[PDB]
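Enquirer: Structure provided below as structure tokens; questions to follow.
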Amino acid sequence: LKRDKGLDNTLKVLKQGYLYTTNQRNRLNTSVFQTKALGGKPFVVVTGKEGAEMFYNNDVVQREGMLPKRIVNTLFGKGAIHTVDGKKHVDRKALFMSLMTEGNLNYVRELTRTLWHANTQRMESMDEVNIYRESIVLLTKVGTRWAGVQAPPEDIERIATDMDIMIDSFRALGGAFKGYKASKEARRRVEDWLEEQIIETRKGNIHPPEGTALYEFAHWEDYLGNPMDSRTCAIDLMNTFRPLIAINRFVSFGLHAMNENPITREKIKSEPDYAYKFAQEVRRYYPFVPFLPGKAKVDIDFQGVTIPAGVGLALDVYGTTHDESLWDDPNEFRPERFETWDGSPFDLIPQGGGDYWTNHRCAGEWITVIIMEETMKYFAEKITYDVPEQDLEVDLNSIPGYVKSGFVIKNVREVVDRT
Ligand code: HEM
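In structure tokens:
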């Protein structure tokens, strides 16, 4: 079992970012390796389909307790679904998945399409539109409404900003950074506000629609017949739409991709299947989630070596989505690759792998793709616009992945046949 040696390579991991793991596999000339990080803790980095399958084998891998505390405190919240395993997890996960019915899924599509269509005049009116910002604000309106939480127009910009800070707060991989405390306070204001909606819903003072997150979460009872405590229920309710808001990252990358490959734009208009492929290739190609932590419960024999009981595990998400034997030309943006992809739960894992109900796999993958399809359809067909000179760098050596400028556009104009 090969090592990237050192007492703690966290700073090295941060210096190399999304390419750390790949650099180590190249240099140590291997498919699996160990590295200490996050305070001397050894972690075995596993990759590919075979890495993904093992990582999501619940007989052998523990997730509970393996997220760094600072990230729990900012990104996901204390007591959040991400932090529990076993029965308690399967029970609550089923609540999240119960929201993903056909009707609710079409509702997010319609809300997304309606808001973009409604937002054209406003974007025509601006000198420049930063798409990162404009999409986070718009998706804050989609996400609150979808979740049955009523956020006035007046408050949306505040809430968007607070979400933005939270979503960014995995940048230091759980270490201290200057934004930490501002991230915690953003979380606290968001949790406080959602807790009040839960308590008020429970008292019968407001009346969210049945089948919405706010309603289902507020009234749900776990397998022992107990409701979630109010704060915990607020933490998990936020987990139902803060990540929807985080799709703003992909909206920005999506425009970057379309701009660099103008051919994809024409095909988005010409071919009805194609918006789906584009959306999928945005999620595979661009960086967001670098890797996921777990822990070996027992000794595991894997790819010729034995992973000892108690050692950390890290599933390489970026490495697997760019693994040259799973994806022909992994570093070329090619939506057509998804005409042939067989839908395996272990190769396209940029939002996790495994099974939705029994693993920690992302509950909102279908929403993510639905929202990317409508959004990219809107930017391809409904407006025209200019891309001025700006920093369009996506730095793969820096977590989290962003377009440096956010992707700025100008001279937006609606596409309308008036003859
Ligand atoms: C910005 C796009 C998103 C990305 C990059 C993302 C990524 C992920 C990842 C990597 C996980 C963990 C998988 C694991 O631990 O094995 C996760 C879990 C989760 N995602 Fe997402 N996700 C996104 C959007 C969404 C959306 C829109 C929703 C809901 C509307 C959502 C809801 C969740 C929930 C509830 C979990 C926890 C699942 C569990 O612990 O069982 N995510 N997501």
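FYI, in the UniProt record's numbering the residues of the sequence shown are 4 to 422.
For each residue, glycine too, the CB sits at the ideal point set by N, CA and C.
Using the DSSP secondary-structure output, state which residues sit across from residue 212 in a beta bridge.
Expert: Bridge partners of residue 212: none, in fact.
Enquirer: Work out the CA separation of residue 251 and residue 138 for me, nearest whole Å.
Expert: Residue 138 and residue 251: Cα-Cα distance of roughly 5 Å.
Enquirer: Would you call the segment 176-192 in contact with the segment 209-226, where contact means no fewer than 3 C-beta pairs closer than 8 Å?
Expert: The answer is no - the segment 209-226 does not touch the segment 176-192, with fewer than three Cβ pairs under 8 Å.
Enquirer: Let's see if you can read the secondary structure: which residues bound the beta strand (DSSP E) around residue 1?
Expert: The chain is shown from 4 up to 422; residue 1 falls before or after that span and cannot be answered.
Enquirer: Taking the alpha-carbon positions, what's the residue 77 to residue 419 distance?
Expert: The alpha-carbon atoms of residue 77 and residue 419 are separated by roughly 44 Å.
Enquirer: Decide if residue 255 is buried, meaning its Cβ has at least 16 other Cβ atoms within 10 Å, or exposed.
Expert: It counts as buried.
Enquirer: Helix or strand or just coil, what does DSSP make of residue 265?
Expert: Here residue 265 sits in helix by DSSP.
Enquirer: So what's residue 221 in DSSP terms, helix, strand or just coil?
Expert: Three-state result, residue 221: helix.
Enquirer: Using only CA atoms, which one of 266, 260, 332 and 226 lies nearest to residue 90?
Expert: Per the Cα distances, 226.
Enquirer: Residues in the same chain with beta-carbon distance under 7 Å from residue 41, minus the five sequence neighbours each way, listed in chain order, please.
Expert: Excluding sequence neighbours, residue 41 sits near 13, 71, 176 and 177.
Enquirer: Whether or not the segment 301-319 and the segment 43-55 are in contact is what I'm after, with contact meaning three or more pairs of Cβ atoms, one per stretch, closer than 8 Å; do they touch?
Expert: Yes, the segment 43-55 is in contact with the segment 301-319.
Enquirer: Just to confirm the assignment, what range does the beta strand (DSSP E) spanning residue 299 have?
Expert: Where residue 299 is concerned, the enclosing beta strand (DSSP E) stretches over 294-299.
Enquirer: DSSP has residue 355 in a bridge; who is on the other side?
Expert: Answer is 353.
Enquirer: In this structure, does DSSP put residue 248 in helix, strand or coil?
Expert: Residue state, collapsed to three classes: helix.
Enquirer: Flag residue 354 as yes when its Cβ comes closer than 8 Å to any non-hydrogen atom of ligand 1, and as no otherwise.
Expert: Answer for residue 354: yes, Cβ within range of ligand 1.
Enquirer: Please report the distance separating the alpha-carbon of residue 425 from that of residue 391.
Expert: Residue 425 falls outside the range modelled here, since the chain spans only 4 to 422, and no answer is possible.
Enquirer: Helix, strand or coil for residue 173 per DSSP?
Expert: Of the three classes helix, strand and coil, the one that applies to residue 173 here is helix, per DSSP.
Enquirer: Distance, Cα to Cα, residue 267 vs residue 280?
Expert: Computed Cα separation, rounded: 10 Å.
Enquirer: Name the two residues that bound the continuous alpha helix (DSSP H) containing residue 402.
Expert: It is not in any alpha helix (DSSP H) - residue 402 carries neither H nor E in the DSSP assignment.
Enquirer: Between residue 365 and ligand 1, is the CB less than 8 Å from at least one heavy atom?
Expert: Yes, the beta carbon of residue 365 sits closer than 8 Å to at least one heavy atom of ligand 1.
Enquirer: Which two residues bound the contiguous beta strand (DSSP E) that contains residue 37?
Expert: That run of the beta strand (DSSP E) goes 36-40.
Enquirer: One question on the structure: do residue 386 and residue 115 come within less than 9 Å of each other, judged by their Cβ atoms?
Expert: Against a cut-off of 9 Å, the Cβ pair of residue 115 and residue 386 comes out as no contact.
Enquirer: Taking 8 Å as the cut-off, is the beta-carbon of residue 295 closer than that to any non-hydrogen atom of ligand 1?
Expert: Yes, since a heavy atom of ligand 1 falls inside the 8 Å radius drawn around the Cβ of residue 295.
Enquirer: If you measure between the beta carbons of residue 21 and residue 400, is that distance less than 9 Å?
Expert: Contact flag set, yes.
Enquirer: What is the C-beta distance between residue 238 and residue 83, in whole angstroms, given that I count them as a contact (C-beta under 8 Å)?
Expert: About 5 Å; that satisfies the 8 Å criterion.
Enquirer: In the structure shown, what three-state DSSP assignment does residue 44 receive?
Expert: The answer is strand: DSSP assigns residue 44 an E or B state.
Enquirer: Using the Cβ count rule (16 or more neighbours within 10 Å means buried), how would you classify residue 147?
Expert: Label assigned to residue 147: buried.
Enquirer: Determine the closest residue to residue 193 out of 232, 183, 219 and 242, with distance taken between C-alpha atoms.
Expert: Selected option, being the one with the closest Cα: 242.
Enquirer: Could you check what DSSP says for residue 417 in three-state terms: helix, strand or coil?
Expert: Residue 417: strand per DSSP, three-state reduction.
Enquirer: Can you give me the C-alpha to C-alpha distance between residue 135 and residue 408, rounded to a whole angstrom?
Expert: Using only the alpha carbons, I get a separation of about 9 Å.
Enquirer: Please classify residue 92: is it buried, with 16 or more other beta-carbons within 10 angstroms of its beta-carbon, or exposed?
Expert: With 16 or more other Cβ atoms within 10 Å, it is buried.
Enquirer: How should residue 10 be labelled, buried or exposed, when 16 other C-beta atoms within 10 angstroms of its C-beta is the threshold for buried?
Expert: Its Cβ having fewer than 16 others within 10 Å, residue 10 is exposed.
Enquirer: Compare the Cα-Cα distances from residue 415 to each of 388, 422 and 262 and report the closest residue.
Expert: Ranking 388, 422 and 262 by Cα distance to residue 415 puts 388 first.
Enquirer: What's the gap between the Cα of residue 151 and the Cα of residue 370?
Expert: Cα to Cα, the separation comes out at about 16 Å.
Enquirer: For residue 301, count neighbouring Cβ atoms within 10 angstroms of its own Cβ and tell me buried if that reaches 16, exposed if not.
Expert: Looking at its Cβ environment, which holds fewer than 16 other Cβ atoms inside 10 Å, residue 301 is exposed.
Enquirer: From this set, 53, 208, 32 and 97, which residue's C-alpha is nearest residue 362's C-alpha?
Expert: Here the closest residue by C-alpha is 97.
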